[PDB]
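In what follows, a single structure is set out as structure tokens and then discussed.
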């Protein structure tokens with residue numbers, strides 16, 4: 001039974017050295033023809049091969065990153081490692097450990113992939129968000145802007161979760177995150193009944209309830 | 001010339 | 001590097017439809033050993049990529065026979081004979097013959113539905129933000145189809161290219177639409193130096209742009 005489990009530091013700052021570990025079972029890297037490598041995916045982007053290492057200590061690297069990459073192994077412990085020096089926000093990604101043999105019998109394909117370890121690179125210290133209510137200038141749309149926080153995640157509900165239909169909560173974007181949420185209600189609902197954006201940022205122990213006032 | 005027998 | 005070009009990058013289908021994705025390489029994928037290491041991967045949302053096909057046309061163990069791969073040289077195709085719901089996600093072609101190993105950019109298999117015009121709403125900076133030297137202007141463009149859309153910010157006629165952050169939701173599982181948020185962030189100083197703020201969206205559903213605006217001084 002083949003397993004692949006990656007581990008990394010979760011968060012790291014630019015210029016720092018990323019060390020990743022893949023721990024595997026159900027096959028040996030000392031087996032003739034066996035290899036293990038790493039592929040990464042910057043969140044919401046595509047897939048980028050990084051490095052591969054063979055049973056016999058031979059290694060292959062992506063030339064774009066050659067000066068930053070070192071792949072190594074401890075075959076007795078069932079571990080492969082990748083080192084990436086001088087990381088930058090551009091190296092923010094999910095990193096996957098993959099098996100690939102150079103012989104047809106052992107499997108010349110990426111059949112087995114780990115679940116992946118998320119790596120975020122930013123200079124940011126834990127920073128609470130600012131939470132801003134968004135009032136309009138048959139249905140009416142209200143909004144909430146959650147601005148300048150680190151790290152992820154934040155949770156956002158409307159009326160403590162009571163108002164759940166008609167919500168669009170957008171994926172966060174960037175050294176700090178910003179997120180937004182819209183809610184659409186019938187015109188007679190608001191401003192007669194109160195509507196409140198509830199935002200939590202666990203990392204900074206932040207909890208904010210921001211009521212949407214008409215202007 | 002990636003490794004393949 | 002060997003560039004792997006997928007066509008299309010987005011492919012609307014209804015369940016039951018036949019579906020084809022082309023992958024073209026910038027050089028030959030045939031290894032000196034005579035094998036063509038062309039592979040197709042499927043990544044379903046929130047999951048790691050899954051091997052579907054290796055060496056052009058070999059289906060991996062457990063893969064449904066509705067998937068087939070064909071081609072040779074620099075020209076390859078994945079076909080799904082009848083698309084099922086479990087098949088939706090992002091398909092990558094991959095060549096394992098030349099260093100660096102390279103993937104195509106991804107082809108998103110998505111669901112077809114009727115065209116739908118965005119519902120557009122614009123929002124000024126809050127008092128709370130202004131109290132802090134910042135001024136963000138937000139525009140939501142909600143429940144539209146198809147996904148292609150341009151959003152332009154205009155300030156007193158000028159077109160604003162700098163300072164815009166955009167975010168998209170994935171296709172809605174229930175109504176099959178997309179939504180988009182655009183935020184224009186300015187210094188409070190620059191916000192107070194101008195009066196007319198416009199979020200302008202161009203979409204297939206209208207010949208003329210959808211224009212939502214406000215004047216700061218009336219807020």
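Listing for the model above:
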| read-out | value |
| --- | --- |
| Residue ID - farthest from the chain's Cα centre (by Cα), chosen from residues in region A:151-162 that are surrounded by 17 or more Cβ atoms within 10 Å (Cβ to Cβ) and within 21 Å of residue C:138 (Cα to Cα) | A:158 |
| Hey, residue C:176 in contact with a strand residue (DSSP E or B) (Cβ under 6 Å, 6 or more places away or on another chain) and outside any strand (DSSP E or B) or not | yes |
| Residue match in region C:148-169 (condition: facing another protein chain (nearest Cβ under 9 Å), in a loop (DSSP other than H, G, I, E, B) and under 29 Å from residue A:49 (Cα atoms)) | yes |
| Filter result (on the phi > 0 side of the Ramachandran plot and within 14 Å of chain A (Cβ to nearest Cβ)) within region C:53-76 | C:55, C:56, C:62 |
| Number of the condition not met by residue C:87 [criteria: (1) more than 30 Å from residue A:101 (Cβ to Cβ); (2) away from chain A (no Cβ under 11 Å); (3) surrounded by fewer than 20 Cβ atoms within 10 Å (Cβ to Cβ)] | (1) |
| Residue A:19 vs. criteria farther than 30 Å from residue C:6 by Cα and out of contact with any strand residue (DSSP E or B) (no Cβ under 9 Å at 6 or more places or on another chain) | no |
| Region A:107-127, residues that are within 23 Å of the chain's Cα centre (by Cα), within 11 Å of chain C (Cβ to nearest Cβ) and assigned to a loop (DSSP other than H, G, I, E, B) | A:110, A:111, A:112, A:114, A:115, A:116 |
| Matching residues, region A:128-166, being in a strand (DSSP E or B), more than 14 Å from residue A:208 (Cβ to Cβ) and more than 10 Å from chain C (Cβ to nearest Cβ) | A:150, A:163 |
| Subset of region C:183-198 [in a strand (DSSP E or B) and in contact with a helix residue (DSSP H, G or I) (Cβ under 9 Å, 6 or more places away or on another chain)] | C:196, C:197 |
| Region A:168-182: number of residues that are within 17 Å of residue C:141 (Cα to Cα), more than 7 Å from chain C (Cβ to nearest Cβ) and assigned to a strand (DSSP E or B) | 3 |
| Matching residues, region A:177-202, being within 21 Å of the chain's Cα centre (by Cα) and surrounded by fewer than 16 Cβ atoms within 10 Å (Cβ to Cβ) | A:202 |
| Filter pass, residue A:99 being within 17 Å of residue C:95 (Cα to Cα) and more than 10 Å from every other protein chain (Cβ to nearest Cβ) | yes |
| From C:49, C:45, C:100, C:8, residue being in contact with a helix residue (DSSP H, G or I) (Cβ under 7 Å, 6 or more places away or on another chain) and either surrounded by fewer than 21 Cβ atoms within 10 Å (Cβ to Cβ) or within 11 Å of chain A (Cβ to nearest Cβ) (or both) | C:100 |
| Breaking point among (1) within 25 Å of the chain's Cα centre (by Cα); (2) crowded, with 17+ Cβ neighbours inside 10 Å, for residue A:134 | (1) |
| Matching residues, region A:84-106, being out of contact with any strand residue (DSSP E or B) (no Cβ under 7 Å at 6 or more places or on another chain) and either under 29 Å from residue C:39 (Cβ atoms) or assigned to a strand (DSSP E or B) (or both) | A:90, A:103, A:104, A:105, A:106 |
| Test: residue in region A:112-121 that is surrounded by 18 or more Cβ atoms within 10 Å (Cβ to Cβ), outside the structural domain of residue A:149 (by CATH), touching a strand residue (DSSP E or B) at 6+ places or on another chain (Cβ under 8 Å) and farther than 19 Å from residue A:42 by Cα | yes |
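Residue by residue, here is whether (1) assigned to a strand (DSSP E or B); (2) within 11 Å of another protein chain (Cβ to nearest Cβ); (3) under 24 Å from residue A:208 (Cα atoms) holds:
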| site | (1), (2), (3) |
| --- | --- |
| C:120 | yes, yes, no |
| C:128 | no, yes, yes |
| C:132 | no, yes, yes |
| C:135 | yes, yes, yes |
| C:138 | yes, yes, yes |
| C:142 | yes, yes, no |
| C:201 | yes, no, no |
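Here the Cβ is made from the backbone with ideal geometry for all residues, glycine too, and neighbour counts use every protein chain on show. What is reported rests on the model, the rules as stated and the sources as named; these are not laboratory values.
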